[PDB]
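Student:
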Amino acid sequence: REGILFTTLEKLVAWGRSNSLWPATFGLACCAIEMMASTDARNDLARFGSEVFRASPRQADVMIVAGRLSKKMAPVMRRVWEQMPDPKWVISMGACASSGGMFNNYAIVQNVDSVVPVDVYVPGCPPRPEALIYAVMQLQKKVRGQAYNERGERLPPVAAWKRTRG
Amino acid sequence: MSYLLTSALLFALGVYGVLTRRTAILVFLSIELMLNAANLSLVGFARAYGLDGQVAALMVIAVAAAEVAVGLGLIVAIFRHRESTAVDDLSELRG
Amino acid sequence: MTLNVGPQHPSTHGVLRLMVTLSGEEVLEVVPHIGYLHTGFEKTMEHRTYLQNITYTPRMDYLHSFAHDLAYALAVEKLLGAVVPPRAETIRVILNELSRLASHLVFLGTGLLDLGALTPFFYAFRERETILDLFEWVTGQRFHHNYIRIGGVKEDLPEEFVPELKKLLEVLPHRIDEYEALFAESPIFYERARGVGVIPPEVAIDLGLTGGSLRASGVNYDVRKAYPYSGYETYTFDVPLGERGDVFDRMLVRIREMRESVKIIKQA
Amino acid sequence: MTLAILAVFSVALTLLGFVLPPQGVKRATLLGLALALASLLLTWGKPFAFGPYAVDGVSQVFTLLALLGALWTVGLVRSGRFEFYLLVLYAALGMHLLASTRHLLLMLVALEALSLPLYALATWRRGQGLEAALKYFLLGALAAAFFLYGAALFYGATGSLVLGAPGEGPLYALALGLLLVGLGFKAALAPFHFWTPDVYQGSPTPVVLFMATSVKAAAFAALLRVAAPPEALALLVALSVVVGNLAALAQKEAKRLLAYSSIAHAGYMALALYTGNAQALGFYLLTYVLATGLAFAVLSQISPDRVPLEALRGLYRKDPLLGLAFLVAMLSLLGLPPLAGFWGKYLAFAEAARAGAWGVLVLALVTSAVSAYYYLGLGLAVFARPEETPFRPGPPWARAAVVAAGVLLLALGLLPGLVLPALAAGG
Amino acid sequence: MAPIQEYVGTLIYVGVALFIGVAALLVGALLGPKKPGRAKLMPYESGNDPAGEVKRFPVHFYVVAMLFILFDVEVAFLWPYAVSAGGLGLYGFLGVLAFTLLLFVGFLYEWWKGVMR
Amino acid sequence: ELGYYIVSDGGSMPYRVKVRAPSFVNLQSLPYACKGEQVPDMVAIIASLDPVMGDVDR
Amino acid sequence: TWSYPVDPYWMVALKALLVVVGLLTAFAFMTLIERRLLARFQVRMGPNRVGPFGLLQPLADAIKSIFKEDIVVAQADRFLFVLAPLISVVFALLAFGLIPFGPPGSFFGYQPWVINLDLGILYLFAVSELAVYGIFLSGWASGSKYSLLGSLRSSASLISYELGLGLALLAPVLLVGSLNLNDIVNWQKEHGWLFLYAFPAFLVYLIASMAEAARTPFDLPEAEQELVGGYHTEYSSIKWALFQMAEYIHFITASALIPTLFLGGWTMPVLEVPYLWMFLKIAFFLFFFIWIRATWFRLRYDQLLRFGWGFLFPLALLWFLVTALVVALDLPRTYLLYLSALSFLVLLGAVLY
Amino acid sequence: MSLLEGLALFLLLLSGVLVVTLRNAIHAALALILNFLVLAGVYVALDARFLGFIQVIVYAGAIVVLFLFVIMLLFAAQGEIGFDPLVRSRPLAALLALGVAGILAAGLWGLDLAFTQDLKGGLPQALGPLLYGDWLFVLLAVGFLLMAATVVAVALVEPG
Ligand code: SF4
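Protein chains in written order, with the entry's author numbering: chain A, 16 to 181; chain B, 1 to 95; chain C, 26 to 293; chain D, 1 to 427; chain E, 1 to 117; chain F, 352 to 409; chain G, 2 to 354; chain H, 1 to 160.
1. Would you mind listing the alpha helix (DSSP H) stretches within the segment 241 to 291 of chain D that are 4+ residues and don't spill past its ends, in chain order?
2. Kindly indicate which residue of D:104, D:163 and D:116 has the alpha-carbon position closest to the one of residue 149 of chain D.
3. By alpha-carbon positions, which one of H:144, H:135, H:113 and H:91 ends up nearest to residue 19 of chain B?
4. When DSSP labels each residue in this structure, what does residue 338 of chain D get in the three-state scheme?
5. Where do the ends of the beta strand (DSSP E) carrying residue 27 of chain C lie?
6. With a Cβ-Cβ cutoff of 8 Å, do residue 154 of chain A and residue 79 of chain A count as a contact?
7. Can residue 82 of chain A be considered in contact with ligand 1, in the sense that its beta carbon sits closer than 7 Å to one or more heavy atoms?
8. On a Cα-Cα basis, can you pick out the residue from C:157, C:69, C:35 and C:266 that is closest to residue 89 of chain C?
9. Have a look at C:97, C:238 and C:205 and flag the residue whose alpha-carbon is nearest the alpha-carbon of residue 359 of chain F.
10. Quick check: does the Cβ of residue 32 of chain C come within less than 7 Å of any heavy atom belonging to ligand 1?
11. Where residue 394 of chain D and residue 227 of chain C are concerned, what is the direct C-alpha to C-alpha distance, given to the nearest angstrom?
12. Could you name the residues that DSSP lists as bridge partners for residue 122 of chain H?
13. Applying the 10 Å Cβ sphere with the 16-neighbour rule, what's the burial state of residue 245 of chain C?
14. Roughly how many whole angstroms lie between the Cα atoms of residue 99 of chain D and residue 30 of chain D?
15. With a threshold of 8 Å on Cβ separation, who are the neighbours of residue 47 of chain G within its own chain once the five nearest residues in sequence on each side are excluded?
16. If the cut is a Cβ gap below 9 Å, which residues of chain D does residue 113 of chain E touch?
17. Does residue 209 of chain G pass the burial test, meaning 16 or more other C-beta atoms within 10 Å, or should it be called exposed?
18. Would you kindly report the start and end of the unbroken alpha helix (DSSP H) that includes residue 69 of chain H?
19. Which residue marks the beginning of the beta strand (DSSP E) containing residue 57 of chain C, and which one marks its end?
20. Within this structure, are the beta carbons of residue 132 of chain D and residue 203 of chain D separated by less than 8 Å?
21. Is there a Cβ of chain A sitting closer than 8 Å to that of residue 241 of chain G, yes or no?
22. Can you list, in chain order, the residues of its chain whose CB lies under 7 Å from that of residue 283 of chain C, leaving out five sequence neighbours each side?
23. Consult DSSP for residue 20 of chain B and reduce its assignment to one of helix, strand or coil.
24. What does the alpha-carbon distance come out to for the pair residue 23 of chain H and residue 65 of chain H?
25. Using a Cβ-Cβ cutoff of less than 8 Å, which residues in the same chain neighbour residue 7 of chain D once the five nearest sequence positions on both sides are dropped?
26. Find the residues of chain E that neighbour residue 62 of chain A, judging by a C-beta separation of less than 8 Å, and give them in chain order.
27. Does any CB atom of chain G fall closer than 8 Å to the CB of residue 61 of chain E?
28. Return no unless some Cβ of chain F is closer than 8 Å to the Cβ of residue 57 of chain C.
29. Go through the segment 51 to 118 of chain A residue by residue and report every complete run of the beta strand (DSSP E) that reaches 3 residues or more, in order.
30. From this set, D:49, D:25, D:61 and D:53, which residue's C-alpha is nearest residue 42 of chain D's C-alpha?
31. Given a cut-off of 8 Å, decide if residue 360 of chain D and residue 238 of chain D are closer than it, judged by their beta-carbon atoms.
32. Chain B partners of residue 109 of chain D, CB-CB under 7 Å?
33. Is DSSP giving residue 136 of chain A helix, strand or coil here?
34. CB residue 34 of chain E to CB residue 293 of chain G, shorter than 8 Å?
35. Pull up the CB-CB distance for residue 2 of chain E and residue 119 of chain G, whole angstroms please, since I reckon it's below 8 Å.
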């Protein structure tokens, strides 16, 4: 009960879902400042179903884990993630997050994917905004199911069945 | 005519209301309903006696409102230093 | 009540957990609770080389990156007594001041965003892009830089750097004004800012505030004047100052700084 | 036209008082009241309606009383909260307004108008007086509703909204009752009086002064304009008078006793209504007011807060004059001759006798002896016991006042043929 | 009098709207998968939004509320007057002005007193 | 106020890297700064001081 | 109506039904224009993909809203949760059919409204109380005292402003001697558009309708990029959409009334073009607010409370009173004309220094 | 008429029942509004149209919200022990309810009247002049009552 299981429905609904992406950014790093950049002022995101750019999971289901983080943030983020609605996607934005760039330390959390499952990595710290665009284009066609892995291997149209959803 | 019977019932019900209500605020609510019961009656009779019962009504309303406001004001002033929640939780005047 | 304003909210994006002891309509005191991020750079860098440490320096200042970098650079340079070419030093100030402008752009950008009218941010950002484009040119990096190198920067300027640099200095004065234009009038601006941000100069030092807070309370305290370091000795420019600790004052200071910075560019 | 003055002063002061110091407001307020009061006297025998506002002798008289009582109470105030003057003024106007009408809707509004500020005056934040307040408020609001339905049923029984209506059988018979309850509570007729004892115990003396005067007056004022069943009337009275004095035996609490007494007194006043002799009823209330007014002033001078019986004793030591005054009062309140109380009783009875109502009167008489217990219980207590506990001496204002009052009491005892002449409709 | 038609029409209108309302909610409700609130203790602001050490609130808000009622009554009366306004003459005008003037006095007291902080 | 207090032991890496972080010190002055303030105002009062969390967090 | 059409229960129904869904589609494409007009205003490209011009993006959005969890959280009660948006939308929807759309009997000869009553003003005024009911209720429903407190602010404030709107509507009833829209319109048909007659009442009304929920005092706390409204952020999916929807429906409703009032909707002695003239007035004010909305700030309700209450409402009734004096003695209405015009002129002159 | 008419009065009464049943405050309060909807409707239905609206605006529109705001201000309730849960008093209350209607009922089985003073029904139009003259006193009284009320209310709450 989510818009699937007839030819029609699944493409329909999936187009709906795919094109309405509402980003909730989880700044805690330099990413954010590039993210405000990423919003406006050169390029738009409103043409990708985004007026949502702001802090409520009550407004979004696209999780952008944006920035290098610490131990103290893991349960927090976890919980924030939990307080989203049922279908939800996890972007792991940038190197700082994705595998912990140039820090090997107790303080930090390396490999953000630990805390929550991921579907999209987008390396580079900083990356270019545009890379993120490319990434969400990916994520678009990914949730559309018109994607694979680099071994031709298919995957679910959500991030949210890799570990438990709620 | 029916309505005017109804009006008396609505008053009666209201009395039962007032008497049941353990918390005060809800008492006060019950009363308000009674006040309108009257006014309904009044409206029927206005059709009879020519709409002076309209003007009446208007006045009634205003007074009622007035009497509400101030009473609630009082309720406030009572429980802005209290956690009690019904009238007979204050009792020392009884003898 | 003690209200708990948690991290990442709303778009203020300090890790901020804040225990606001309220009167239920006022703030009494805030016990700020922080430290929910941390790395321990200071530790890590003893486990990397000096060269390597230059990686770390802009990685703790989203704003003026190059300043951290410079400050660290200087320290090293002093230590082994190394000198820097004059041209190098020229470049270094240029980047620095360019980075200051950047910082200010972001400061006011966020200021608007944080609260008050949202929009002008985007214009300030347009300019920021211009700045970024300048950085992109010379360092191949949007921000974070390593162009500065020990003994001076590591390679020559682009020629392309000269046109564009002039260009943006042309546009900016006017632009700056127009941002300023939003603030000083708007009597609502007044009614949101003037009264608040209070703190005596005396207490600013006791609790430790630094320029553009201290100088936001108009107390002259440019470390570039007081402990004048390279080139700035021989550059004219003045101190921009407020005269009281409030938001209101801060905001205007910054605008003036930018103009000073621009003259320094011009000088450079 | 006196009314004119009232409204004006009230309104004007409202804002004025903000700038003025509270002492300047005490000065102001005193003047206003007095000024209105004067003009009232000075307009005696000028019968002037404007609309539902319809001044007669009766109106004049009863509002005379009301202002009087309030003048007294206003005297006493020695706490800096400016409101305890301000509100009183207002309220007074409201009762003036109450009296001079026969148009029901105004009457309704008017009843509420006087009762509202009274609630507020019930609070100097003395915790009991808030408990009191609440109960009272709620009960009041109940009586309102009755009174309102009654009025609706009056419009029901006839298109009239003004008394001097033509009347009918059953429904009107009902209707008059539904008004009489409301009025009853305000006049504290049994069994609608109960709160008045409790509230008095809780409440500060001065407050009570005003209430115990004005409200009763007012209630009766309007009651007179209404025409009521004598059997119903008789019931009410009986219960009122009986329960009152019996419960008055129980006491330890002076004020609460006095409440019970004035229920008996209320019953006694309620006799008059068979005839509706407002010379008589005028007379009565004047007399009652004086004594009670007097009594509470003194009581305040003791303490403005809960008083035991013992506190009363030895009063002649404390001050002789006051002791005598208070004595006279108690006797008048007994209704004893050659005090005016005798006449008040007599008169009531005379109208009763015109109605030929025997049983009622008999009962009345029985309980009128009863009352003397506690009256001597206080009045004599003055003279005995060499002990006393801290008390204060007050202003010369009030002291003199009281002594004036006590002389005026026994004066009208001796010269009732003064007032009766101009209680025809004043003069 | 007035035509009964539009009042009838009112009932109609209300019936339409409410239906479409109800329709919308059941669409929304019936669609979507449902999972437990296994990890739901709060829904906004990790670090836990404050409540339950609050139960008191400024009376400020009360003041406003109370005020408003009184003035709504004010307006009420001025409607008959507005309608029949001309033709009530000066005698009209003076009555109304008085009334108004009373409520303007109301404002001025609580304002100069200003216990609404 | 920016500065680095750097102890090197003469290794290839320093033996101490102290960073003077101004904003961090500036934040100490916050309970002070925000005495007796009004509730919608308090947001701005934080913002006006400029937090870069790197200073703080380190 | 005592001189005006009637139509079948069925035709009534049809018009209603249409008008409801019309306003759905309205809201949709309104968002589009708002987004795009915003972008442009702040010199930016916008929705242009998935269109052309982002046309189909609202569809996507709506579809997004559905197929989701839509749950009540513990510490709330189910019924209240459901009701609380519901109410607001019903009563937001309701009140627009009152207002016309053109000249009488001319919606293909059929009446250009869905209801028309005889009591214009009252209805409007009446509906104005009921939205705020929805609001605070939601607050309470949510069971965070955080949400609640916001809603209390909100409502309080709103309600404050609500009253000034009351004081506004007496004034035109004077002039026409009536309160039904049609006649009011028609009054302007002879004499001319009503803001001429009473510029400060136009003015004060205007700014009071600002004070409606409309994202344009633009703090409340509003929700979207500030401390939030409590009618949101404790909500989910479609229900959330509803709230947002409502705010906009208000916005436009208000934007319609202002034409209704000060102009005729379609009166214009120059030409009669029914529908066109409606939109043009709409459009004007619409943009007008949005331009303010953009370029002007979030306003502490503290300030606001001080502002409206103490200055704005007293001056409005004051203006009324004056007009009432004139009207009571039934003097040349020219005599107001001069003054109205002048007061504006004064208060306009006041701007510059 | 008496089918739907009957219903509406039933509903009205029904609303009454709820408000005297519930001890879920909100639900209670809310019901009373639903009450006022019906009641208003019937006003209009009985040609008291102006009155219909004023009922709506004030009595419902203003008042109950004010009620709720207090119950919010001081938190809701539900707790059914007084010091005396007076459970014995429930039927006895209900007794009194029967009487008080009963007596009116007797009177009204014999009541007879028409309803035929019809003019324009409740419309402020014809009522204004009358109000402005005859009821004028009442008006001015009213105005004073309210103003005094304001003063009272204020004085009640704050220290000062
Ligand atoms: S990847 Fe780079 S830009 Fe992103 S948070 Fe890490 S250091 Fe910052």
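The beta-carbon is built from N, C-alpha and C at its ideal position, and this holds for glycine as well.
Tutor: Taking the coordinates as given:
1. Runs found: 254 to 269.
2. D:104
3. H:91
4. coil
5. 27 to 30
6. no
7. yes
8. For residue 89 of chain C, the nearest C-alpha among the options comes from C:157.
9. C:97
10. no
11. Distance between the alpha carbons of residue 394 of chain D and residue 227 of chain C: 56 Å.
12. Its beta-bridge partners are H:48.
13. exposed
14. 22 Å
15. 36, 37, 39, 40, 41 and 55
16. 18
17. Residue 209 of chain G comes out buried.
18. 65 to 73
19. 52 to 58
20. yes
21. yes
22. If the five residues before and after residue 283 of chain C are omitted, its C-beta is found closer than 7 Å to the C-beta atoms of 126, 129 and 201, all from its own chain and listed in chain order.
23. helix
24. 18 Å
25. Taking C-beta separations shorter than 8 Å and ignoring five residues to either side along the sequence, the partners of residue 7 of chain D in its chain run 93, following chain order.
26. Correct list: empty, because the minimum Cβ distance to chain E is about 26 Å.
27. Residue 61 of chain E counts as touching chain G.
28. yes
29. 77 to 81 and 104 to 108
30. Taking only the C-alpha atoms, the option nearest residue 42 of chain D is D:61.
31. yes
32. 59 and 63
33. Secondary structure at residue 136 of chain A: strand, using DSSP grouped into helix, strand and coil.
34. no
35. Contact holds; Cβ gap of about 5 Å.
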